[PDB]
Structure formats: structure tokens, C-alpha cells
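K.L.:
Here is the input, now give the coordinates:
(one chain, ligands or ions: 2)
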Amino acid sequence: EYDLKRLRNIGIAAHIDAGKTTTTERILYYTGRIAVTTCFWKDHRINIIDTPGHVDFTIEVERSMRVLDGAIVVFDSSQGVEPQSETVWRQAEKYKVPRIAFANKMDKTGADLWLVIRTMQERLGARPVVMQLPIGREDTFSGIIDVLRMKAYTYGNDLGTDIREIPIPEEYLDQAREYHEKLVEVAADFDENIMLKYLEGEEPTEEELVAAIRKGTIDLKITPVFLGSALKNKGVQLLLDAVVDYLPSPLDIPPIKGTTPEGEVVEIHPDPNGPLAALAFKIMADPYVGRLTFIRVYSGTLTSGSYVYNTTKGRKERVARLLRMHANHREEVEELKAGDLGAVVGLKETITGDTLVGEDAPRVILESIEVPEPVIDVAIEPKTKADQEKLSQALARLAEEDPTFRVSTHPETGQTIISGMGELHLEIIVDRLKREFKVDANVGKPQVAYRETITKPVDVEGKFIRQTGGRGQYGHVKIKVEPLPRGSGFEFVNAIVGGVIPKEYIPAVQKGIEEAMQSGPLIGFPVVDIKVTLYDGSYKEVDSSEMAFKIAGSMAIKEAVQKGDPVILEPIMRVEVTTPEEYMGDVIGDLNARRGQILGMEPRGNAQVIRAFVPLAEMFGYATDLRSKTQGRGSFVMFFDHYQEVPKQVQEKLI
Ligand SMILES: Nc1nc2c(ncn2[C@@H]2O[C@H](COP(=O)(O)OP(=O)(O)O)[C@@H](O)[C@H]2O)c(=O)[nH]1
Ligand SMILES: [Mg+2]
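P.N.:
Residues are numbered from 1 along each chain as shown. Ligands and ions are numbered 1, 2, ... in the order given. Right below this line is the structure:
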């Protein structure tokens with residue numbers, strides 16, 4: 001039943017509209033006749049892993065690529081590797097994932113196989129090796145020639161229900177012999193035994209070839225290529241074969257790496273008997289069973305009805321059931337062994353990124369712990385409260401699956417404000433808002449979340465003394481406000497000596513300080529990184545109140561941040577641009593005019609990779625500035641890094 005060798009853990013990467021969904025639907029179908037979906041082909045368990053909706057989704061991508069072992073990259077035979085198709089490739093390259101390739105849509109007009117092969121060779125530097133030729137051109141496209149084995153299959157309809165092996169037609173007999181030769185010439189690069197047979201012109205054996213091509217695929221040197229039309233059902237069974245021949249099992253890729261509690265790195269082996277280590281990569285809210293938290297298992301066995309320690313978060317979780325999702329049904333299983341993926345039921349306080357271990361087995365983490373700061377805000381004016389009522393429920397329901405964002409109510413516009421770690425993040429949340437959770441609102445343009453703070457210690461005071469509301473009000477506080485090292489946040493001390501301020505009012509003061517740190521004086525963004533010591537004041541015996549000392553506190557914070565040489569803090573993003581070698585300096589220059597700070601350029605593949613420190617505020621609509629400077633071919637990722645005082649002229653320009 002469970003045999004690692006015969007496990008094939010895959011995802012499908014493709015341009016948008018290239019054919020990922022159709023190809024996936026079609027695979028499921030063919031493996032039918034008897035977040036992570038499971039099926040069987042020729043005694044192999046193929047766990048198709050769902051790869052992000054768009055490639056820019058950078059956090060999900062990284063995580064969904066160490067959850068898979070090998071990938072199928074799908075190109076539109078009409079257009080070639082369309083500049084975003086280069087970008088999905090760079091992904092696989094980046095995460096060192098063994099891959100095959102699939103020239104989809106060989107049935108449409110414009111479908112050129114050779115365009116794909118060439119563009120793969122030239123642009124991506126991929127080393128395609130042709131493993132089949134198409135019999136036919138457009139609508140004429142009817143057959144597919146396996147040049148490894150020198151056979152040919154023909155398709156008697158566009159339904160998937162008539163595949164007959166035929167000899168290669170003599171019209172394609174030259175071309176096939178030609179490409180078989182190329183294949184055997186390649187295979188010999190990875191098998192010495194095949195080298196001494198290619199000399200002799202002694203046709204080596206299918207075992208040898210397949211093994212050789214495979215070794216090459218898995219060690220990231222070659223990229224076999226197959227074609228077909230997933231829509232008109234041709235080539236999807238051979239593509240499925242390909243998965244089982246050339247794509248890696250968990251035994252084939254190097255073991256994932258994990259961090260002990262002492263910052264140390266451990267290599268983590270697929271030994272199904274050894275300790276347990278799982279990584280959770282998606283949470284979903286299934287109707288018939290509640291919340292499913294999908295995991296991938298690296299070592300040991302995860303047994304249904306058992307307890308696992310969540311090393312990311314400190315608690316234990318109850319593994320109630322274990323599931324496998326199939327195309328058309330679910331399946332309860334007793335265990336998921338090392339090399340496998342499923343869903344688990346139970347697990348109240350487990351979220352994605354988190355690491356599940358064997359309870360009394362070594363505590364290791366598998367990702368980074370730090371939380372991306374909420375660096376981009378968006379305002380939404382809800383409809384007529386009839387939407388707010390289902391908005392608010394949804395937004396708080398959004399945070400049952402996602403803790404990487406914050407919800408606030410703006411101190412002085414009334415609006416509801418979402419905060420995230422980038423724009424796309426928010427763009428997809430709004431997507432889930434007006435559709436999935438059905439909500440409507442006047443959405444605002446995304447903006448950078450700045451922060452204020454003071455650069456020098458001050459010693460101010462606050463007085464509120466009025467005859468409002470019928471009675472007499474009075475509250476007097478004196479504070480010392482001093483700057484706190486970056487990222488330290490807030491600190492309050494009470495140092496009031498002896499009823500100088502009546503104990504009842506100290507809370508009211510604090511509230512006042514708190515409610516007024518929410519709007520700095522430079523641009524009305526939250527004050528941060530300061531220490532507030534309440535050290536004096538006065539009351540008037542009947543006139544004082546809570547309202548009074550609230551405002552007094554508030555009025556002294558507004559003073560302390562005006563006198564303290566206030567400065568604005570901006571978020572500084574860590575940027576990695578992937579560009580073809582040619583645009584290097586023409587791209588570096590553009591980063592350098594964004595107040596960037598180049599940290600060094602090493603090459604990845606044939607492309608090059610620049611590292612920088614560009615501030616978030618010099619980045620809005622960056623992707624269209626890359627596609628203008630890289631002939632469409634470049635791309636970039638972006639992560640928070642640190643807040644930095646704005647430079648003099650940017651302070652002035654932001655006021
Ligand atoms: N002509 C043709 N069209 C295809 C083929 N495969 C997919 N499509 C088209 O692609 C569209 C859906 O694309 P999809 O599979 O979702 O690609 P994705 O955007 O990468 O997920 C459908 O409208 C299909 O008409 C094919 O083999 N031939
Ligand atoms: Mg799709």
C-alpha cells in the first residue's frame with residue numbers, strides 16, 4: 001500500500017489561461033476510472049498540490065513548493081513562453097524543483113511546438129529535450145509520437161475515449177528517428193553505460209533511457225517536454241505516464257531542513273519510523289466536517305487519534321481524523337506516513353506555516369516565525385450598514401483562517417481600515433469580500449503605514465480646565481516622554497508619588513495617553529517607540545473627574561511629541577528582482593532612483609538576482625515598471641525588513 005518509491009508529489013505551474021485548471025481536471029478524470037487532491041496512476045499515488053492563484057502570491061508559493069517534490073510546467077503552444085510563463089519557471093528554478101513540461105493547446109491555431117522548445121532553450125536556459133512530436137498541425141492534430149519508445153498513439157475522438165497505438169506514419173518517420181537519436185545522445189550524459197552504447201550505435205534499453213532521462217530531470221539538468229491538448233483529450237495519459245517515469249518521489253529530492261529551538265539546523269529524513277515532523281500549508285472550512293488543516297509529513301507517521309506538539313505555538317493539538325481528498329469524494333485514513341499529504345480534523349489553534357511534531361519527538365521548526373508587519377492600509381466605507389453587518393462578521397471570520405492582517409476603526413473618519421503586508425494581499429481580500437462573503441463598500445486606494453516618534457526627551461504637562469456640561473472640570477498631569485530603541489513599542493510608568501493625582505484617575509490618564517498616541521502631529525499616523533512617565537499633577541477636590549484626567553493625559557502626549565523633534569518612520573522592504581542578465585544595470589539604476597540600496601547581485605540560472613532595500617513608498621505599481629524595463633520578462637518579491645526614520649527632505653515632502 002504505502003511505498004515511498006511509488007509516491008509522486010506534484011503541483012502544476014502555468015501562465016494564467018495556459019491550462020493549469022483544465023489539465024488538472026483532466027488528470028483527475030483519467031485517474032478516476034476504477035488543497036491537496038489524491039489519485040492513482042499505474043500503482044503510483046499522485047498528490048496533485050494546488051499552486052497559488054497568481055504567481056505574485058509570493059508567501060503561498062514558497063510554502064506550496066516545499067510541500068511538493070516535482071512540477072509540471074505548462075506552456076501555451078500558441079504563444080510560447082509568454083513573459084509570465086518565464087516567471088513561473090523561475091519559481092521552479094528558485095525552489096530547485098525537478099520538472100517536466102507540457103506544451104498544452106496543440107489543437108488551437110498558432111500552436112507551435114518548436115516555438116516553445118526554442119524559447120525554453122534561449123530565454124529560460126532550460127535544456128528542453130523533446131520526448132514527443134505531434135501528428136498534425138491545428139484542427140488536424142490527431143496523434144502523439146513517443147520518441148523514447150518509437151511508438152505512436154492516435155486519438156479517434158476529442159473525448160478521451162479512444163486511444164490506439166499505431167506505428168509512426170512514414171511522413172514523420174525521419175523526424176522521429178532524428179529526435180530519438182538526440183534523446184539517446186542526451187541520456188548518455190547521465191549514464192556511462194549508455195555512453196559506450198551510443199558509440200557502438202547499440203540501441204540501449206528502455207530501462208536505461210528512462211532511468212537516465214529521469215536522473216537528469218531530478219538532478220535539475222534537463223527538462224523533458226511533452227505536448228497535447230487537455231481540452232480535446234490527447235496527451236494527458238502520456239503526460240500522466242511522464243509523471244510516473246520522470247518526476248521525483250520523496251526519496252529523490254534532498255531532505256528538507258529544520259531549525260531546533262537553539263537556532264541550529266537539522267536535515268530531516270523521510271524515515272517513516274523515525275520522529276514525526278509535519279508542515280501545515282493550508283486551512284480550509286469544509287461544510288461536511290468543519291475546518292481542515294492540510295499537512296505534509298516529512299518524517300515518522302501521523303496517526304489518527306493522537307496528540308502532536310505544535311512547535312511554532314507552544315500547545316498540543318488533538319488529531320481527530322485524518323483525510324484524503326479525492327476528485328469526487330473524501331476518505332478517512334488511520335495514518336499519513338513520511339512522504340505523504342492529507343488533511344487533519346481537530347486542531348483548533350493551528351494555522352498555516354506551523355510545525356506539527358511527535359509530541360515526545362524532537363522540537364524543530366520548518367519556517368520563519370516573525371510576522372510581516374501591517375505595512376499597507378485600505379479604507380472601506382460600508383454601504384448603508386446593511387453591508388457593514390455582514391462585512392464585520394466576514395472580516396472577523398476572515399481572521400479565523402488568516403492572522404497575518406489587522407482590522408481597525410479609524411480614530412477620525414469612522415471608516416473601517418484593513419491593514420496587510422502588501423497590496424496584492426489586500427487586493428485578494430477585497431476579492432473574497434464582494435464575492436465569497438458578499439459585501440459592498442467604497443474601497444480606498446492602498447497606502448503605506450507610516451509611524452511617528454520623538455528623537456529627544458521632553459518634559460511637558462497637560463491641563464484641562466473647563467465649565468462645560470453644567471459642572472466644573474479639572475485635570476492636570478505632568479509627563480516625561482523619552483524615545484525608546486527602534487521596534488521597542490510602548491512603555492508606561494506611573495511614578496505619581498502620594499495622591500498628587502488621586503488613584504481613581506490614573507486609569508483615565510492612561511486611556512488619554514493611549515487614545516492620543518493614535519495620531520502623531522506630523523501626518524496623523526500612530527506614535528510609536530516611546531516611554532511615558534507620569535510624575536506629577538494636581539487635582540481640585542470636587543471639580544476633578546475621569547473625563548478631565550483623560551483629556552489631560554491626551555493633551556500632554558500631543559505636546560510631548562511636538563516638542564520632541566518628531567520624525568516620521570517609514571517601512572523599508574527587502575527586494576529581490578529576477579531579471580535576464582541584459583537588463584541588470586538598466587534595472588539597478590531604476591532601483592537606485594527609488595532611494596534603493598543594492599546589496600549585491602548574484603545570478604540564478606541564466607537570469608540574475610538583485611537584492612535591495614527599497615522603501616515601500618517608492619514601490620506602488622512596481623510590476624508595471626519592471627515589465628517596461630525587462631521587455632516583460634522580469635519579476636520581484638518583497639518582504640518587510642525594518643522601519644527607518646525618513647530622511648530630511650522626505651519628511652518635508654510628506655508634510
Ligand atoms: N484550444 C484549447 N484550449 C484550451 C486547452 N486547454 C485549456 N484551454 C482553455 O483554457 C481555458 C481555461 O484555462 P485554465 O485551465 O483555467 O488555465 P489557467 O488560467 O492557467 O488555470 C478554457 O476556456 C479552455 O478553453 C487546449 O488544450 N486547447
Ligand atoms: Mg484556474
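
K.L.:
quick one, what contacts the residue nearest to residue 504 when sequence neighbours are not counted?
P.N.:
Leaving aside its sequence neighbours, residue 504 sits nearest to residue 546 (C-beta to C-beta, 6 or more residues apart in numbering; 7.4 Å). For every residue, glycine as well, the C-beta is placed using N, CA and C. Applying C-beta atoms under 8 Å, 6 or more residues apart in numbering to residue 546 gives the contacts 504-505, 507-508.

K.L.:
ok, residue 546 to residue 412 distance?
P.N.:
Per C-beta to C-beta, to the nearest Å, residue 546 is found 22 Å from residue 412.

K.L.:
What of residue 446?
P.N.:
Counting by C-beta to C-beta - residue 446 and residue 412 are separated by 20 Å.

K.L.:
more crowded one of the two?
P.N.:
residue 446 (18 against 8; other C-beta atoms under 10 Å).

K.L.:
Hmm, residue 380 and the more buried one touching each other?
P.N.:
No. At 11.6 Å, residue 446 does not count as touching residue 380 under the criterion of C-beta atoms under 8 Å.

K.L.:
What's opposite residue 294 in the beta bridge?
P.N.:
residue 282, residue 343 (DSSP bridges).

K.L.:
Count the neighbours of it for me.
P.N.:
If we define neighbours as other C-beta under 10 Å, then residue 294 has 23 of them.

K.L.:
Which residue ranges make up each domain of the chain?
P.N.:
Domain assignment for the chain, taken from curated CATH domains, gives 1-253, 270-372, 400-450, 451-569, 570-651.

K.L.:
And the residue of the stretch 501-650 of the chain closest to ligand 1?
P.N.:
Using C-beta to the nearest ligand atom, the closest approach of the stretch 501-650 of the chain to ligand 1 is made by residue 635 at 16.8 Å.

K.L.:
That residue and residue 620, how far apart?
P.N.:
With distances taken as C-beta to C-beta, residue 635 is found 17 Å from residue 620.

K.L.:
ditto for residue 631
P.N.:
22 Å.

K.L.:
Just give me the neighbour total for the nearest residue to residue 125 once chain neighbours are set aside.
P.N.:
Take residue 125 and drop its neighbours on the chain: the residue closest to it by C-beta to C-beta, 6+ apart is residue 606, 3.3 Å away. The number of residues packed near residue 606 is 13, by other C-beta under 10 Å.

K.L.:
With residue 278 instead?
P.N.:
Neighbour tally, residue 278, other C-beta under 10 Å: 29.

K.L.:
where does residue 210 land in three-state SS?
P.N.:
Secondary structure, DSSP: H, G, I helix; E, B strand; the rest coil: residue 210 is helix.

K.L.:
Roughly how far does the residue lying closest to residue 150 once chain neighbours are set aside sit from residue 204?
P.N.:
Nearest residue to residue 150, sequence neighbours excluded (C-beta to C-beta, 6+ apart): residue 180, at 6.0 Å. As judged by C-beta to C-beta, residue 180 and residue 204 stand 11 Å apart.

K.L.:
next one: residue 154
P.N.:
27 Å.

K.L.:
The two: who's more crowded?
P.N.:
residue 204 (20 against 17).

K.L.:
Report the contact partners of the more buried one.
P.N.:
So residue 204 contacts 184, 187, 191, 193-194, 197-198 (C-beta under 8 Å, 6+ apart).

K.L.:
Among these, the buried ones, what's the ChimeraX command?
P.N.:
In ChimeraX syntax, the buried subset of the contacts of residue 204 is picked out as below (16 or more other C-beta atoms under 10 Å):
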select :184,187,191,194,197,198
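
K.L.:
Mind picking the two most distant members of the contacts of residue 204?
P.N.:
Farthest pair in the contacts of residue 204 (C-beta to C-beta) is 184 and 193. Separation: 12.3 Å.

K.L.:
The helix or strand hosting residue 213 packs against which elements?
P.N.:
Element membership for residue 213 (DSSP states H and E) is helix 206-218. The contact analysis (3 or more C-beta pairs under 8 Å, 6 or more residues apart in numbering; DSSP states H and E) places helix 206-218 against helix 173-187, helix 192-198, strand 223-228, helix 236-246.

K.L.:
List the beta-bridge partners for residue 608.
P.N.:
With DSSP bridges as the rule, residue 608 is bridged to residue 579, residue 603.

K.L.:
what's the spacing between it and residue 486?
P.N.:
The spacing between residue 608 and residue 486, counted by C-beta to C-beta, is 32 Å.

K.L.:
And those two? Which one has more around it.
P.N.:
Taking neighbours as other C-beta under 10 Å, residue 608 and residue 486 compare with residue 608 leading, 20 against 14.

K.L.:
is it true that the more buried one touches residue 581?
P.N.:
Yes. With contact defined as C-beta under 8 Å, residue 608 reaches residue 581; the gap is 5.1 Å.

K.L.:
show me the contacts for residue 134.
P.N.:
So residue 134 contacts 106, 113, 141, 143-145, 227 (C-beta under 8 Å, 6+ apart).

K.L.:
hmm, try it at 10 Å
P.N.:
77, 103, 106-107, 111, 113, 140-145, 172, 227-229, 234-235 (C-beta atoms under 10 Å, 6 or more residues apart in numbering).

K.L.:
Quick check: it vs ligand 1, distance?
P.N.:
Spatial separation of residue 134 from ligand 1 under the definition C-beta to the nearest ligand atom, to the nearest Å is 12 Å.

K.L.:
Surely that residue forms part of a strand?
P.N.:
Yes. According to three-state DSSP, residue 134 belongs to a strand.

K.L.:
Whichever of the contacts of residue 134 end up buried, select them in PyMOL.
P.N.:
Buried members of the contacts of residue 134, defined by 16+ other C-beta under 10 Å, are picked up in PyMOL with:
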select buried, resi 77+103+106+107+111+113+141+142+143+144+145+172+227+228+229+234+235
